[PDB]
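Naming follows writing order (A, B, C, D and E), and every chain is counted from residue 1.
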Amino acid sequence: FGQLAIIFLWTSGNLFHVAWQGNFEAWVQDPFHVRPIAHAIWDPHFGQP
Amino acid sequence: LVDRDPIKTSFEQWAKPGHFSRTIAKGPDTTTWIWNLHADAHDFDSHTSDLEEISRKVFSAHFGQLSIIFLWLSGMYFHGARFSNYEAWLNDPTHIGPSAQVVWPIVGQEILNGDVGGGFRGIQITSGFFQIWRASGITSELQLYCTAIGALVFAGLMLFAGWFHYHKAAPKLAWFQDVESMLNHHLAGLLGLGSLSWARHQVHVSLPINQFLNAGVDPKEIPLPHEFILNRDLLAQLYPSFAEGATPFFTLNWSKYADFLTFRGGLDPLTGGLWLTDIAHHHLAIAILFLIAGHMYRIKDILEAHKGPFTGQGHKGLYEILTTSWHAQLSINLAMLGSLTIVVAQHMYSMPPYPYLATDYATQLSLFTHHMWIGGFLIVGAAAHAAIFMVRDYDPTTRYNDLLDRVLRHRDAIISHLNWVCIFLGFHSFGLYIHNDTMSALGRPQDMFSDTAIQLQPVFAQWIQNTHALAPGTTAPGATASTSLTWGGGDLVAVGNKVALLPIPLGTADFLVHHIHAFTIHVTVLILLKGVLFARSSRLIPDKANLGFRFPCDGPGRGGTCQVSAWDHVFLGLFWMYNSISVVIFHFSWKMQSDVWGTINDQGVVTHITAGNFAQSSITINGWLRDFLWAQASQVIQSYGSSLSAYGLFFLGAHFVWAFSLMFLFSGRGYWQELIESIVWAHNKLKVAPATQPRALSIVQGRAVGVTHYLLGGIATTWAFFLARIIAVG
Amino acid sequence: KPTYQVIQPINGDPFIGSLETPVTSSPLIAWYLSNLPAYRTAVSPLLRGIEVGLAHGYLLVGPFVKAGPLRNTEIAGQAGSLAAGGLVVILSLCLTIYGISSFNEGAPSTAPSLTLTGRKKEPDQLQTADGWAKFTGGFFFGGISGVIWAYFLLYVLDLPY
Amino acid sequence: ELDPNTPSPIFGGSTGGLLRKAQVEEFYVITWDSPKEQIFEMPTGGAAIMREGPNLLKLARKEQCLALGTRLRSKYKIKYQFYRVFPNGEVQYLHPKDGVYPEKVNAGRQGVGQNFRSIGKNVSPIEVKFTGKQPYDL
Amino acid sequence: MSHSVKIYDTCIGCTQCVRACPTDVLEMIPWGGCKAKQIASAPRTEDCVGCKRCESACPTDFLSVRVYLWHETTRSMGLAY
């Protein structure tokens, strides 16, 4: 019951690292095999590249 | 035992069920023993308590091998004569691409055999006779067919000296266990009287018969076959009948000469072997020493002498034994023999000693990796057999209280250090590379380690290499260039298709491989050192030497109590060394082709098999499969339907055999039992099994069939990977 | 005179071992370390803390100001306290939750001395928790702090050469 | 440790033998008879000469005394003692106690052997799942 | 259990049979005859480590013996130290 429980904190965020960012309102507009997004990477190690 | 002892049977025993350890093979049947006995056919716990013979057996086994090489290589030298390639190549060298060996055409076979040649279909060869060979001057196929039977002569005879020991009524103790001479002789006149003798047949005959070959002809347009004695007009060219010197010495005048010699330094142009003429002098200047040297001496004398305060009392009578351990006087040897083989592997590629090598790329790197796996396969051994000492060999204690008894005194100590050494390395010796990935994949080169990025700045240049060629400030006199052409100072100019040999300048990205070697050489040795040291008794077991250097593992308790022993330290130490060498190989060819192996072109613009891709791109350890494994190897996986093909066609098997080892390496034992019965059941129903109790593998046999396969797997994989990226472009 | 002391392995009994030798025990080494915790406890710690904090302090500069992530800095900060001052914090408490291995808890109070101690049996603990605090409390003001007369200093500096 | 040397048994130094938690737990010294002075193998990589006695060297852990013992009866004698020391003296007194030389009778001590049932058919599984009513705790 | 690996057999005779094992086993208890009549699986076992040197020799004629206590000492470990 500590199960089901952790499956929804997964699912919630699955739907919540979507819809401030990473399209729908471009992917529905009509979605051609380019690269629709889950989430935003943020690592300090990154270069500009 | 008693079929029937002593005095009263000539009559041999074949039969009644046969032998070892006293509840001898049972009578009643088993499998394991058939695996025992090939293994541990000689150990020498058993056969006799008393050394007695065995030294009287090991001289005979030695004879067998010497013959055998001989059987070998008559074969080779055959093959080499009468499937010639050779006559054809030699007028022709630097065109030819040479075979001794041909299939017959049955079934598939013959894809294999693809035009090599002075016009014949072949399998191309990369061990060079044809280069040992250049030396014979006289030539022609039927002789080598004499040198060949001259081989089978030495054999039969250097193989009836092995009848002429053990089996024949044969020898006793003093003869080895009075040593007193033995190196006296050996090094003096064979070590000496060969190199000496070799001199005499290394200017007499060879020098002249390639002094005017290094032009062309069709041989014998040059050389008569005996031609070369009382005679000699011909020496006259290549120098004087000493004209008036006397037995060297001096009241001698040269206004223009000094005897053949005249030192070379650098490489021949139009045969870039290095001069065929320092080759007499050097061998001559050897032998003398040996000639003088093998004249010590009789012993403890020198060993019993110098002592120090840290230094060891033991040093003295550092071994009455030594004369009769054996297992120890083999272990010492292997370290040297072994460590004295892979010192070949360098002086070879950075100083060829045979005509046409370097230009011949593939026919001297095969070498530098074959000679390389022996200067390693013989070293881990050189530990095993010390472990075999450290446990057993002497009846009793009386070695006592020395130098050894010393080293052991510390032992959780010599190996206490060495350990940290390795984790210091590894962290400075591999994660070093991993930086690059994690940060060049992050991508910010500013801060990598690239030869350009983290600052040393663009010179390698001065350490030794630059002092080494640059050589004559010196008490040094000699010879226009180097001892080794590669060293930094000097020269464009070496060879006729192709580049043979050039500076190699390193920087960084020679810096850190050179360091992974350290850490790889070091953690190898940790396990063998701690292995052979903790041989007999340990903090985990005291009752530890009691059967074995082998025993499987003492038992589930103490936590683990499994690996321990020292068969197994010489089981997990092979496991490393397979890398030690396997990555040193990976080093040389990626260099030697990324830089050096070459071509010359008009105005000498060098064109390395790869324009130095190494540069910024070995440093990344993916570049090691971007630039290596995935780059080269494209010739292995393209190799089908060809001639070499047997490599691509191996490269799958043996790249299979390896990935079969893990099954033997990674698994239980009463498992394949538990299985072997389900089997044994089905077997009995039809009435088809019991007799010779079928049994699973002997804990440590299972490890024996790991390892051994993991190596002949993981190894020939590259033996294929290689011969497939030097044959054909490169 | 005696070939090396009146020739003994250890203090005396062979059996613990340690093969006491130079670099274990030479009048010359041994001495370069007793105000400091190796043998005796100089003072109740509190002070050793900062000579420890501080010395180890202005270290960890050129390590992460000359080998820093994008190195040779043009910033006011480094040369620098920066991140390193951050390390003495991680370090210094990684240090404390080890002073939960010993608590053993008291004030007795003696940095003042009675009678040549012997500690008696100092070997082993007899450091209460209320000791290991005043050390890893000296550590913070030794770490952070010892990080500034590192950068405070202009580096007058010596060039590779 | 000079002011008292009790010693009987004769190494010189080693890296080997006991390090700190012999003081903080349980101690383990072994003692013996001897004739005329002989040179010996050890536990811990090697070796020494004996003479006489107490002949009372101390070891790390019990496996080590017994381990000589095998060691000690090839090359012989009857007499070997091994005692266990604390810090703080006694309880657990190790070789002293009745007889020695296991392979004799005076008494039982010990051991049983069976638990509740004998070797035969535990094809039968474990049973009731641990409750403090039924004899599953020995 | 805290050391429970059954080596028992039926003869529990111990001549040219089995002795090997660091301390653990005093046996020679007798039980009211078995031929040789020294019996039992054990003496008190809270002393030493976990061998199976325990058979290796002299029958157990069902299970071998082995690791299994689980519940594990340090002295029973080898290492604490």
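Remarks
The working rule: a contact is a pair of C-beta atoms (placed from the backbone, for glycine too) under 8 Å apart; a residue touches a chain by one contact, two chains touch by 3 or more.
The chains that touch both subunit C and subunit D are B. Note: the chain lying farthest from subunit D is A, by mean C-alpha position. Just to note, of A-B and B-E, the chains joined by more C-beta pairs in contact are B-E. Centre-to-centre spacing of subunit B and subunit E amounts to 50 Å, using the average Cα coordinate of each chain. A straight line joining the Cα centres of subunit D and subunit E is 16 Å long. Remark: subunit A and subunit E have CA centroids separated by 62 Å (rounded to whole angstrom).
Note on chain placement: the centre of subunit B and the centre of subunit C lie 51 Å apart, centres being C-alpha means.
Those residues of subunit A in touch with two or more other chains do not exist in this structure. Shared contact sites, meaning residues of subunit D that touch two or more other chains, fall at 12-16, 18-20, 44, 60, 63, 67.
Among the residues of subunit B, those in touch with two or more other chains are 409-410, 413, 444, 539, 543.
Looking at which chains touch one another, you get A-B, B-C, B-D, B-E, C-D, D-E. If you check the complex, the residues on subunit A that touch subunit B are 45-47, 49. Taken together, the subunit D residues at the contact with subunit B in this complex read 12-16, 39-47, 60, 63-64, 67-68, 70.
Chain contact summary for the complex, subunit E toward subunit B: residues 22, 49-53, 66-68, 77-79. By the touch rule above, subunit D contacts subunit C in their complex via residues 1-2, 5, 7, 10-20, 23-24, 44, 57-58. If you check the complex, the residues on subunit B that touch subunit C are 309-310, 409-410, 413, 444, 446-447.
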